[PDB]
$ cat final_20.cif   # mmCIF, C-alpha atoms and all ligand atoms
data_my_file
loop_
_atom_site.label_atom_id
_atom_site.label_comp_id
_atom_site.auth_asym_id
_atom_site.auth_seq_id
_atom_site.Cartn_x
_atom_site.Cartn_y
_atom_site.Cartn_z
CA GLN A 127 194.88 96.27 154.12
CA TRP A 128 194.22 100.01 153.73
CA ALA A 129 191.29 101.70 155.50
CA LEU A 130 189.69 105.17 155.35
CA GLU A 131 191.38 106.09 158.62
CA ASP A 132 194.72 105.94 156.81
CA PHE A 133 193.98 109.05 154.69
CA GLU A 134 193.23 112.75 154.96
CA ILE A 135 190.65 113.70 152.34
CA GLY A 136 190.77 116.99 150.44
CA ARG A 137 188.97 118.68 147.58
CA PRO A 138 186.75 116.92 145.03
CA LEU A 139 188.70 116.29 141.80
CA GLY A 140 185.71 115.33 139.64
CA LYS A 141 182.48 113.34 139.43
CA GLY A 142 181.55 110.14 137.60
CA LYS A 143 178.43 107.95 137.17
CA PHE A 144 179.68 105.87 140.03
CA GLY A 145 182.84 107.57 141.10
CA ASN A 146 183.26 110.64 143.17
CA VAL A 147 186.95 111.27 143.07
CA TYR A 148 188.87 113.08 145.81
CA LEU A 149 192.41 114.32 146.46
CA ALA A 150 193.95 112.54 149.45
CA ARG A 151 197.13 112.18 151.51
CA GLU A 152 198.22 108.95 153.22
CA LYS A 153 198.97 109.97 156.84
CA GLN A 154 202.22 108.10 157.53
CA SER A 155 204.05 108.64 154.23
CA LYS A 156 202.41 111.96 153.22
CA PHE A 157 201.93 110.40 149.78
CA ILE A 158 199.48 112.45 147.67
CA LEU A 159 197.03 110.44 145.58
CA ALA A 160 193.45 110.30 144.33
CA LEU A 161 190.67 108.22 145.89
CA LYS A 162 187.83 107.10 143.60
CA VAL A 163 184.70 106.54 145.76
CA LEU A 164 181.83 104.25 144.70
CA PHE A 165 178.56 103.59 146.54
CA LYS A 166 177.84 99.89 147.06
CA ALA A 167 174.06 100.31 146.81
CA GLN A 168 174.39 101.89 143.38
CA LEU A 169 176.88 99.29 142.08
CA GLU A 170 174.55 96.56 143.38
CA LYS A 171 171.42 97.89 141.65
CA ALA A 172 173.41 98.46 138.43
CA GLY A 173 174.79 94.92 138.80
CA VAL A 174 178.30 95.89 137.68
CA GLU A 175 180.50 94.00 140.17
CA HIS A 176 182.17 92.07 137.32
CA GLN A 177 183.19 95.29 135.58
CA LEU A 178 184.65 96.74 138.80
CA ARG A 179 186.80 93.60 139.33
CA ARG A 180 188.14 93.94 135.75
CA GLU A 181 188.95 97.65 136.32
CA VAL A 182 191.15 96.78 139.31
CA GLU A 183 192.66 93.59 137.92
CA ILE A 184 193.55 95.02 134.50
CA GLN A 185 194.72 98.51 135.45
CA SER A 186 196.79 97.39 138.47
CA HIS A 187 198.94 95.10 136.32
CA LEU A 188 199.65 97.74 133.62
CA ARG A 189 202.93 99.72 133.69
CA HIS A 190 203.36 102.48 131.09
CA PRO A 191 204.11 106.24 131.41
CA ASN A 192 200.98 107.15 129.46
CA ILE A 193 198.60 104.94 131.53
CA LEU A 194 197.37 106.04 134.99
CA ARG A 195 198.46 103.76 137.86
CA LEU A 196 195.96 102.02 140.16
CA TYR A 197 197.63 100.94 143.41
CA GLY A 198 194.82 98.97 145.09
CA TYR A 199 191.47 99.23 146.87
CA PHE A 200 189.57 98.85 150.15
CA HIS A 201 185.88 98.90 151.20
CA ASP A 202 183.63 99.57 154.20
CA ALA A 203 179.94 99.09 154.98
CA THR A 204 178.68 101.50 152.30
CA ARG A 205 181.50 102.25 149.84
CA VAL A 206 184.35 100.95 147.70
CA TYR A 207 187.55 103.03 147.34
CA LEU A 208 189.97 102.77 144.41
CA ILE A 209 193.48 104.10 145.14
CA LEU A 210 194.74 105.97 142.05
CA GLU A 211 197.72 107.96 140.82
CA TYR A 212 196.91 111.68 141.11
CA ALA A 213 196.95 113.58 137.76
CA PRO A 214 197.65 117.22 138.66
CA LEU A 215 196.77 118.99 135.38
CA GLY A 216 193.19 117.79 134.99
CA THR A 217 191.28 116.22 132.09
CA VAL A 218 191.76 116.74 128.35
CA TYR A 219 188.00 117.47 128.46
CA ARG A 220 188.63 120.60 130.56
CA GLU A 221 191.49 121.79 128.34
CA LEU A 222 189.29 121.45 125.25
CA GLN A 223 186.54 123.50 126.95
CA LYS A 224 189.15 126.14 127.75
CA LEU A 225 190.63 126.51 124.24
CA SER A 226 187.71 125.40 121.97
CA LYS A 227 190.08 123.52 119.60
CA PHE A 228 193.68 122.26 119.68
CA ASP A 229 196.27 123.22 117.02
CA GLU A 230 197.96 120.60 114.84
CA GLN A 231 201.02 120.19 117.10
CA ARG A 232 199.06 119.72 120.32
CA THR A 233 196.70 117.29 118.55
CA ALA A 234 199.45 115.17 116.93
CA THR A 235 201.34 115.00 120.24
CA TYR A 236 198.28 113.75 122.17
CA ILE A 237 197.56 111.20 119.42
CA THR A 238 201.15 109.88 119.65
CA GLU A 239 200.88 109.47 123.45
CA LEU A 240 197.50 107.76 123.11
CA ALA A 241 198.79 105.48 120.33
CA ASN A 242 201.81 104.53 122.44
CA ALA A 243 199.61 103.57 125.41
CA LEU A 244 197.06 101.68 123.30
CA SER A 245 199.91 99.80 121.61
CA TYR A 246 201.09 98.55 125.01
CA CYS A 247 197.51 97.59 125.96
CA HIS A 248 196.82 95.65 122.75
CA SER A 249 200.11 93.72 123.14
CA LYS A 250 198.44 92.17 126.19
CA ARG A 251 195.18 91.70 124.26
CA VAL A 252 193.45 94.30 126.45
CA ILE A 253 190.90 96.64 124.88
CA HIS A 254 189.90 99.84 126.67
CA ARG A 255 186.54 100.56 124.94
CA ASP A 256 185.88 103.94 126.66
CA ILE A 257 188.39 106.37 125.18
CA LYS A 258 187.03 109.93 125.40
CA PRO A 259 188.35 113.31 126.67
CA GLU A 260 186.92 113.07 130.25
CA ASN A 261 188.85 109.79 130.68
CA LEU A 262 192.19 111.26 129.52
CA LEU A 263 194.19 112.91 132.35
CA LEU A 264 197.27 115.14 132.35
CA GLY A 265 200.51 114.61 134.28
CA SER A 266 202.81 117.19 135.89
CA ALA A 267 204.70 117.75 132.62
CA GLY A 268 201.43 117.93 130.66
CA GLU A 269 201.72 114.39 129.30
CA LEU A 270 198.52 112.48 128.43
CA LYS A 271 197.49 109.49 130.60
CA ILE A 272 194.69 107.02 129.79
CA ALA A 273 192.39 106.31 132.74
CA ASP A 274 188.98 104.81 133.71
CA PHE A 275 189.26 101.09 132.88
CA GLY A 276 185.72 100.29 134.03
CA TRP A 277 184.70 99.12 130.51
CA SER A 278 187.97 97.35 129.57
CA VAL A 279 188.29 93.61 128.74
CA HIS A 280 190.32 90.84 127.06
CA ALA A 281 189.68 90.33 123.31
CA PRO A 282 187.77 88.90 121.49
CA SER A 283 184.51 89.97 123.13
CA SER A 284 180.77 90.57 123.00
CA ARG A 285 178.93 92.93 125.33
CA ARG A 286 177.06 91.63 128.37
CA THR A 287 176.31 95.08 129.83
CA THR A 288 173.91 97.91 128.89
CA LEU A 289 175.38 101.09 127.36
CA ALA A 290 174.13 104.10 129.33
CA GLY A 291 175.98 107.26 128.28
CA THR A 292 176.82 108.74 124.90
CA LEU A 293 177.18 106.85 121.64
CA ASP A 294 179.63 109.47 120.34
CA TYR A 295 182.83 107.42 120.64
CA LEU A 296 181.58 103.92 119.79
CA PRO A 297 182.18 102.06 116.49
CA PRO A 298 179.35 100.58 114.36
CA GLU A 299 180.06 96.99 115.47
CA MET A 300 179.83 97.84 119.16
CA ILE A 301 176.73 99.95 118.70
CA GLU A 302 174.94 97.36 116.58
CA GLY A 303 175.80 94.86 119.32
CA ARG A 304 177.91 92.64 117.08
CA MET A 305 181.08 90.83 118.12
CA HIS A 306 184.11 93.19 118.44
CA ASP A 307 187.87 93.32 119.11
CA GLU A 308 190.89 95.62 119.50
CA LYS A 309 189.93 97.58 116.38
CA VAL A 310 187.27 99.38 118.44
CA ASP A 311 190.00 101.50 120.08
CA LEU A 312 191.26 102.54 116.65
CA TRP A 313 187.84 103.89 115.67
CA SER A 314 187.71 105.88 118.94
CA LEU A 315 191.18 107.29 118.19
CA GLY A 316 189.77 108.63 114.91
CA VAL A 317 186.83 110.23 116.72
CA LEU A 318 189.28 111.91 119.15
CA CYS A 319 191.62 113.24 116.46
CA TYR A 320 188.61 114.91 114.80
CA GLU A 321 187.23 116.30 118.08
CA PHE A 322 190.66 117.77 119.00
CA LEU A 323 190.99 119.66 115.71
CA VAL A 324 187.36 120.74 115.22
CA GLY A 325 185.89 121.20 118.72
CA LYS A 326 183.20 118.52 118.58
CA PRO A 327 183.05 114.78 117.69
CA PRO A 328 182.23 113.93 114.04
CA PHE A 329 178.88 112.12 114.55
CA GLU A 330 177.40 114.40 117.23
CA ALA A 331 173.66 115.02 117.04
CA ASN A 332 170.56 116.03 119.03
CA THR A 333 169.13 112.57 119.62
CA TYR A 334 170.43 109.10 120.37
CA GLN A 335 168.46 107.71 117.45
CA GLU A 336 170.02 110.07 114.92
CA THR A 337 173.58 109.72 116.29
CA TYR A 338 173.12 105.97 115.84
CA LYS A 339 172.18 106.63 112.20
CA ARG A 340 175.23 108.83 111.57
CA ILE A 341 177.63 106.32 113.15
CA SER A 342 176.29 103.23 111.35
CA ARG A 343 176.46 105.08 107.99
CA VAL A 344 179.80 106.77 108.79
CA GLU A 345 178.39 110.19 107.87
CA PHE A 346 180.88 112.94 108.69
CA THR A 347 182.27 116.01 106.94
CA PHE A 348 185.30 118.33 107.51
CA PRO A 349 185.38 122.12 108.05
CA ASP A 350 187.61 124.00 105.57
CA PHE A 351 190.50 124.48 107.99
CA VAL A 352 191.26 120.76 108.47
CA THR A 353 194.41 120.02 106.42
CA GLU A 354 194.99 117.34 103.77
CA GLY A 355 197.15 115.28 106.14
CA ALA A 356 194.74 115.28 109.08
CA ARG A 357 191.89 114.36 106.72
CA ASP A 358 193.91 111.38 105.43
CA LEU A 359 194.62 109.96 108.90
CA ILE A 360 191.05 110.50 110.18
CA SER A 361 189.44 108.90 107.10
CA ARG A 362 191.67 105.83 107.49
CA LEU A 363 190.64 105.36 111.13
CA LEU A 364 186.89 105.84 110.65
CA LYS A 365 186.31 102.77 108.48
CA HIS A 366 183.06 100.85 108.86
CA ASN A 367 184.92 97.58 108.27
CA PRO A 368 187.28 97.25 111.29
CA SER A 369 189.80 95.07 109.43
CA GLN A 370 190.34 98.06 107.15
CA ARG A 371 191.40 100.23 110.07
CA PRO A 372 195.20 100.67 110.29
CA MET A 373 197.53 99.09 112.84
CA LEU A 374 198.78 101.49 115.51
CA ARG A 375 202.30 101.34 114.08
CA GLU A 376 200.91 102.92 110.91
CA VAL A 377 199.30 105.68 112.94
CA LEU A 378 202.60 106.45 114.65
CA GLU A 379 204.38 106.55 111.28
CA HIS A 380 201.80 108.65 109.43
CA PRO A 381 203.44 111.66 107.66
CA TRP A 382 201.05 114.15 109.33
CA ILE A 383 201.78 112.77 112.80
CA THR A 384 205.57 112.63 112.38
CA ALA A 385 205.58 116.15 110.91
CA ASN A 386 203.63 117.70 113.79
CA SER A 387 204.19 115.60 116.96
CA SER A 388 206.74 116.73 119.57
CA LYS A 389 206.93 113.24 121.13
CA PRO A 390 208.62 110.06 119.83
CA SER A 391 207.08 106.57 119.65
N1 LIG B 401 193.49 110.17 139.22
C1 LIG B 401 192.79 111.32 138.99
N2 LIG B 401 193.36 112.54 139.09
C2 LIG B 401 192.65 113.67 138.85
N3 LIG B 401 191.35 113.68 138.51
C3 LIG B 401 190.66 112.51 138.37
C4 LIG B 401 191.37 111.24 138.61
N4 LIG B 401 190.48 110.24 138.40
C5 LIG B 401 189.31 110.82 138.07
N5 LIG B 401 189.40 112.17 138.04
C6 LIG B 401 188.28 113.08 137.73
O1 LIG B 401 187.04 112.43 138.10
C7 LIG B 401 186.29 112.10 136.92
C8 LIG B 401 185.65 110.70 137.03
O2 LIG B 401 186.64 109.67 137.16
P1 LIG B 401 186.41 108.22 136.42
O3 LIG B 401 187.45 107.31 137.01
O4 LIG B 401 186.41 108.45 134.92
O5 LIG B 401 184.91 107.86 136.91
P2 LIG B 401 183.74 107.10 136.07
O6 LIG B 401 184.21 105.69 135.98
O7 LIG B 401 182.55 107.32 136.96
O8 LIG B 401 183.61 107.83 134.75
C9 LIG B 401 187.30 112.19 135.77
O9 LIG B 401 186.65 112.46 134.52
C10 LIG B 401 188.22 113.31 136.23
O10 LIG B 401 187.53 114.54 136.02
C1 LIG B 402 187.17 96.09 143.34
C2 LIG B 402 185.98 95.40 143.96
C3 LIG B 402 185.11 94.49 143.11
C4 LIG B 402 183.92 93.79 143.74
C5 LIG B 402 183.57 93.97 145.19
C6 LIG B 402 184.46 94.89 146.04
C7 LIG B 402 185.64 95.59 145.43
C8 LIG B 402 184.14 95.13 147.56
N1 LIG B 402 184.06 93.67 148.33
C9 LIG B 402 182.80 93.02 148.02
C10 LIG B 402 182.48 92.13 149.21
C11 LIG B 402 183.65 91.18 149.41
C12 LIG B 402 181.17 91.39 149.01
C13 LIG B 402 182.90 92.31 146.77
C14 LIG B 402 182.45 93.26 145.73
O1 LIG B 402 181.79 92.61 144.68
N2 LIG B 402 181.54 94.10 146.43
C15 LIG B 402 180.64 94.79 145.67
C16 LIG B 402 179.20 94.75 146.07
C17 LIG B 402 179.15 96.16 145.53
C18 LIG B 402 180.61 96.26 145.85
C19 LIG B 402 181.66 94.06 147.74
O2 LIG B 402 181.03 94.66 148.59
CL CL B 403 187.67 91.44 144.49
MG MG B 404 185.12 108.21 133.42
MG MG B 405 183.82 103.58 135.41
#

$ encode --input "final_20.cif" --output "structure tokens" --more "lines below"
Ligand SMILES: Nc1ncnc2c1ncn2[C@@H]1O[C@H](COP(=O)(O)OP(=O)(O)O)[C@@H](O)[C@H]1O
Ligand SMILES: Cc1ccc2c(c1)CN[C@]1(C(C)C)C[C@@]2(O)N(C2CCC2)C1=O
Ligand SMILES: [Cl-]
Ligand SMILES: [Mg+2]
Ligand SMILES: [Mg+2]
Amino acid sequence: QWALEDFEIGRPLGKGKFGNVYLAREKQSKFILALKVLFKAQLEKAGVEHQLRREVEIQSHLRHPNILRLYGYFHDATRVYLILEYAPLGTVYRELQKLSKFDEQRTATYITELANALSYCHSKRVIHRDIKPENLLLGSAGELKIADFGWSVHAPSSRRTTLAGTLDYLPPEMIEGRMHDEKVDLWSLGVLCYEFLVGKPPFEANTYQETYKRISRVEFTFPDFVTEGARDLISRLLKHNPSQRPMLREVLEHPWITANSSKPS
């Protein structure tokens, strides 16, 4: 339906593994959006066609203020183009680089917005599986929006695709290649809450092999400035046994969250 000729392309918004994302304007409507570009040759050698179909199918059917919209796609001889909602305030990754650490109020507010979006996802038995700061975007009023559904699926699930990037956000069950479910996103939420308050994720290390060891043994410690309440919530999320991880409703009702968040559920 859409073709490249229908858009004026502007500045690069960011880069992905596959994914070179550009600002764009549809010529007839002047609608401003983002165009995620992927090279067919690369997708073909990686053999990830099935993941790309999921990304479009899942994200296009989702409707929630804290989830980035995907409006459709087109392709030509060499590329695939995903048509996305434009997020004008950048990534949470950038904001963390800018400030080093977030205060309690900013952290609790982001966690509420994340928990709200994940709650909507899990009600449809969708799991995201790639929650991390570079995949969290910011709207015009500074509100958090979950993006990048390339790894998402319907639960329960195994894993039929090789992990390439960082282990930092993955739970023990996913790393050890065991069966997994929705509780994976709750572990990642714990990792994020720690990284927001401290400046770095709790299992970070110099080698893949050693990060693997720290994750599977759940070895993490807190700096002195992390408060009693934040410690409580984080320790409840980072449980080795996934059934012991809280429901999202319990996250949204945690005393430390409700005391510090400027957003409702
Ligand atoms: N809709 C968007 N608005 C603004 N920036 C974006 C948007 N989508 C992606 N980006 C930027 O491009 C980067 C890569 O996009 P992403 O969809 O995560 O690609 P990949 O699947 O390769 O990780 C993001 O981390 C962000 O910096
Ligand atoms: C969202 C989306 C998922 C899958 C694919 C497209 C778009 C682009 N169309 C096809 C054509 C029809 C063969 C089908 C395809 O699998 N694909 C991939 C090869 C690498 C891109 C293509 O070229
Ligand atoms: Cl398709
Ligand atoms: Mg990404
Ligand atoms: Mg992707």

$ closest_residue --input "final_20.cif" --among "A:226, A:266, A:231, A:278" --to "ligand MG 405 (chain B)" --atoms "only C-alpha atoms and all ligand atoms"
A:278

$ atom_distance --input "final_20.cif" --atom1 "atom CA of residue 248 of chain A" --atom2 "atom CA of residue 310 of chain A"
11.1 Å

$ closest_residue --input "final_20.cif" --among "A:166, A:187, A:171, A:271" --to "ligand LIG 401 (chain B)" --atoms "only C-alpha atoms and all ligand atoms"
A:271

$ residues_around --input "final_20.cif" --residues "residue 326 of chain A" --least-positions-apart "4" --cutoff "10 Å" --atoms "all atoms listed in the file" --output "count of residues only"
10

$ closest_atom_pairs --input "final_20.cif" --of "chain A" --to "ligand MG 405 (chain B)" --cutoff "8 Å" --atoms "all atoms listed in the file" --output "CSV"
residue,atom,partner,partner_atom,distance
A:142,CA,B:MG405,MG,7.3
A:143,CA,B:MG405,MG,7.2
A:144,CA,B:MG405,MG,6.6
A:145,CA,B:MG405,MG,7.0
A:178,CA,B:MG405,MG,7.7
A:181,CA,B:MG405,MG,7.9
A:274,CA,B:MG405,MG,5.6
A:275,CA,B:MG405,MG,6.5
A:276,CA,B:MG405,MG,4.0
A:277,CA,B:MG405,MG,6.7

$ residues_near_point --input "final_20.cif" --point "(193.0, 105.1, 155.2)" --cutoff "12 Å" --atoms "all atoms listed in the file" --output "MDAnalysis selection string"
chainID A and resid 127:135 150:157 159 161 198:202 207:209

$ residues_near_point --input "final_20.cif" --point "(182.3, 104.0, 147.9)" --cutoff "6 Å" --atoms "all atoms listed in the file" --output "PyMOL selection string"
chain A and resi 163-165+205-207

$ write_last_selection --input "final_20.cif" --atoms "C-alpha atoms" --output "mmCIF file, in the frame of the given file"
data_model
loop_
_atom_site.group_PDB
_atom_site.id
_atom_site.type_symbol
_atom_site.label_atom_id
_atom_site.label_comp_id
_atom_site.auth_asym_id
_atom_site.auth_seq_id
_atom_site.Cartn_x
_atom_site.Cartn_y
_atom_site.Cartn_z
ATOM 1 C CA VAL A 163 184.700 106.540 145.760
ATOM 2 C CA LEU A 164 181.830 104.250 144.700
ATOM 3 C CA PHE A 165 178.560 103.590 146.540
ATOM 4 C CA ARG A 205 181.500 102.250 149.840
ATOM 5 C CA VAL A 206 184.350 100.950 147.700
ATOM 6 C CA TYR A 207 187.550 103.030 147.340
#

$ build_atoms --input "final_20.cif" --residues "segment 188-208 of chain A" --atoms "N, CA and C atoms" --output "CSV table (one decimal), in the coordinates of the input"
chain,number,residue,atom,x,y,z
A,188,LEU,N,199.1,96.9,134.7
A,188,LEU,CA,199.6,97.7,133.6
A,188,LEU,C,200.7,98.7,134.1
A,189,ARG,N,201.8,98.8,133.4
A,189,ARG,CA,202.9,99.7,133.7
A,189,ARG,C,203.4,100.4,132.4
A,190,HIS,N,203.0,101.7,132.3
A,190,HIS,CA,203.4,102.5,131.1
A,190,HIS,C,203.2,104.0,131.5
A,191,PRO,N,204.1,104.8,131.0
A,191,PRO,CA,204.1,106.2,131.4
A,191,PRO,C,202.9,107.0,131.0
A,192,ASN,N,202.2,106.5,129.9
A,192,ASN,CA,201.0,107.2,129.5
A,192,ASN,C,199.7,106.4,129.9
A,193,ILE,N,199.8,105.6,130.9
A,193,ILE,CA,198.6,104.9,131.5
A,193,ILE,C,198.6,105.2,133.0
A,194,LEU,N,197.5,105.7,133.6
A,194,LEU,CA,197.4,106.0,135.0
A,194,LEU,C,197.5,104.8,135.9
A,195,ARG,N,198.3,104.9,136.9
A,195,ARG,CA,198.5,103.8,137.9
A,195,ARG,C,197.2,103.6,138.8
A,196,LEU,N,196.9,102.3,139.1
A,196,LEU,CA,196.0,102.0,140.2
A,196,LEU,C,196.7,101.2,141.2
A,197,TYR,N,196.8,101.6,142.4
A,197,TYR,CA,197.6,100.9,143.4
A,197,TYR,C,196.9,99.9,144.3
A,198,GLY,N,195.6,99.9,144.3
A,198,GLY,CA,194.8,99.0,145.1
A,198,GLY,C,193.5,99.5,145.5
A,199,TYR,N,192.8,98.8,146.5
A,199,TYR,CA,191.5,99.2,146.9
A,199,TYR,C,191.2,98.8,148.3
A,200,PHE,N,190.1,99.4,148.9
A,200,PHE,CA,189.6,98.8,150.2
A,200,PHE,C,188.1,99.2,150.1
A,201,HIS,N,187.3,98.6,151.1
A,201,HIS,CA,185.9,98.9,151.2
A,201,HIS,C,185.4,98.9,152.6
A,202,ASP,N,184.3,99.7,152.9
A,202,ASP,CA,183.6,99.6,154.2
A,202,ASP,C,182.2,99.2,154.0
A,203,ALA,N,181.3,99.5,155.0
A,203,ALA,CA,179.9,99.1,155.0
A,203,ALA,C,179.1,99.6,153.8
A,204,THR,N,179.5,100.9,153.3
A,204,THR,CA,178.7,101.5,152.3
A,204,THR,C,179.4,101.8,151.0
A,205,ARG,N,180.7,101.7,151.0
A,205,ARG,CA,181.5,102.2,149.8
A,205,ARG,C,182.7,101.4,149.4
A,206,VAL,N,183.1,101.5,148.2
A,206,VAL,CA,184.4,101.0,147.7
A,206,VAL,C,185.3,102.1,147.3
A,207,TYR,N,186.6,102.0,147.6
A,207,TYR,CA,187.6,103.0,147.3
A,207,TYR,C,188.7,102.5,146.5
A,208,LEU,N,188.8,103.1,145.3
A,208,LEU,CA,190.0,102.8,144.4
A,208,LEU,C,191.1,103.8,144.6
